């Protein structure tokens, strides 16, 4: 199930893909693995975050995961164990600092080896280091880059020529942003707008995919079942002159 196939399946079913995002090792290593099991039935693709020292909800999750010993090596084994559970696309979200510490070629090589389909690099404007981007892609990883509501048409054009797998629009109104990105690329467009239930999901349903991250941190923090929450979101992702 390639990334493209995952998005296509959701579209053929008349819904935006649901992309759970879980921070590796949060609330604990075992807690993370159990969360993975609970969200898989709702996942078209899965995002796994690599905890890093430097919104507040995700920062909280990364903080605790780190306090409990999560590391790059710990995340690599977790990616392997998640890959053993599913054939679905798995994307590792990581800031650049840890990648530079391990060495890009080694870092990307290890995660590709571990079973990752690609990486999401939030703090790397692809146009600023195409060499690094090509390195990850040559290794076999899809590379997702970010766009924000402030992105000009030129910056959308610039980012979509480096992104593979999908492009991610984050608002740390959805229809307008999705329209402007889709006008410049056929790549699937995923959005992150703090979706937490049916109503908010319905507003984001226009996107090819919707990431659910902060809402899961809260559910995990409060010790609540994840299925009810994801079910409400799934139901909202199902699709129905101005001056």
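Residue numbers count along the first chain shown, from 1.
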{"query": "Missing residues, deposited sequence, between residue 240 and residue 241 (class: none, 1 to 3, 4 to 9, 10 or more)", "finding": "10 or more"}
{"query": "Sequence continuity check, residue 54 and residue 55 (deposited residues unmodelled)", "finding": "4 to 9"}
{"query": "Of 88 to 96 and 129 to 137, the one with larger mean CA B-factor", "finding": "129 to 137"}
{"query": "Residue stretch of maximal mean CA temperature factor, 183 to 191 vs 62 to 70", "finding": "62 to 70"}
{"query": "Residue with highest C-alpha B-factor in the PDB entry, from 172, 82, 144, 116", "finding": "172"}
{"query": "Highest-ranked of 213, 27, 209, 49 once sorted by CA temperature factor in the record", "finding": "27"}
{"query": "Residue 150, C-alpha B-factor rank within chain (lowest, middle or highest third)", "finding": "highest"}
{"query": "Modelled-residue ranking by C-alpha temperature factor, third containing residue 167", "finding": "lowest"}
{"query": "CA B-factor placement of residue 44, once the chain's modelled residues are sorted into thirds", "finding": "lowest"}
{"query": "Modelled-residue ranking by C-alpha temperature factor, third containing residue 1", "finding": "highest"}
{"query": "Chain thirds of CA B-factor: placement of residue 101", "finding": "highest"}
